[PDB]
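Take a look at this single chain in structure tokens; it is the form solved without this ligand.
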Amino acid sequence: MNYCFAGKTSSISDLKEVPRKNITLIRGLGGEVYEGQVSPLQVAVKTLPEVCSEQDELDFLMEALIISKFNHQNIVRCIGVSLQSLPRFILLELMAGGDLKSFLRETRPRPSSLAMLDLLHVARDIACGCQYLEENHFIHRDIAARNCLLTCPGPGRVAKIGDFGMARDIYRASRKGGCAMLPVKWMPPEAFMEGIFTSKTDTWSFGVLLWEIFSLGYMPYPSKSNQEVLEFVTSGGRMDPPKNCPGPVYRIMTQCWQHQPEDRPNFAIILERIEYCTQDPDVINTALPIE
């Protein structure tokens, strides 16, 4: 089983095998993910339940190959693997801030020290990750708050793309899925109607991620079902600004949601616009709404 990224092919053997005796599990984090320890390296441990098929297993191995090939500060690092023992482990950078959706929901003023500039820095981090993917011709297909993770909860947090399950499914023709499992609320019309995916479909998903960030972890199209969203969006319908969202930030969203992919910005342009936003005192002095 082979995988190519950045003009270089790899196989299972290129993965760094960490001896099982070197690995200790410390707690469940919510297959399963554990906080673990290599010795001392603090790690996250993703496990493959032994009750899965040989196909699920190859899926798991492809996921490991994909993540190990990236080299970017805004994509979660793969520390190595433990594949010569059952259950199989993948070892990842421990992300102590947990997922972005949970973080937003948990740290929203109800008062807190989270501010507009902090949200924009998270958006910038993920857009930087996305630009690296785009430049390297990799289509994520599943950009969303639940798939982003934070290094820590506090002021110096860095956000990173931390799940590549959907991209992996395509490299393995995974079928094993179905309609009810497709992240419909994050997908542009050409993706959900035609099964067409490009870097401009990640641009669309990024705009919905922005809405997630600035609404502080609300579900997109909060009062609509998947099918209602499909009908809404195909008819030109777009989400309203999140509560208190500055106009320059909402404008990035609406640009990401242009009906034709060719009219949507690439990630370099998205990054320029996020930066403009962090430079505007009227943007970053805006207060977050209280729960």
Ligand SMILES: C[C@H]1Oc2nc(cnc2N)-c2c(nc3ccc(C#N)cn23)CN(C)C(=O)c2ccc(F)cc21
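Each residue number is its position in the shown sequence, starting from 1.
Another form exists, deposited with this ligand bound; not displayed. Remarks below refer to it.
Inset, instruction - From the candidate stretches 211-219, 90-98, 183-191, 112-120, select the single one in contact with this ligand in the deposited bound form, where contact means a heavy atom within 4.5 Å. - result: This holds for exactly one stretch, 90-98.
Legend entry - this ligand contact at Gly162 in the deposited bound form, heavy atom, 4.5 Å: Within the cut-off, so yes.
Legend entry - 4.5 Å heavy atom contact, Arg146 to this ligand in the deposited bound form: Heavy-atom contact with this ligand at 4.5 Å: present for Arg146.
Inset, instruction - Answer with yes or no whether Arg27 is in contact with this ligand in the deposited bound form, where contact means some heavy atom within 4.5 Å. - result: Yes, contact at 4.5 Å.
Legend entry - Touches this ligand in the deposited bound form: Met239 (any heavy atom, 4.5 Å): Result no; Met239 lies far from this ligand in the deposited bound form.
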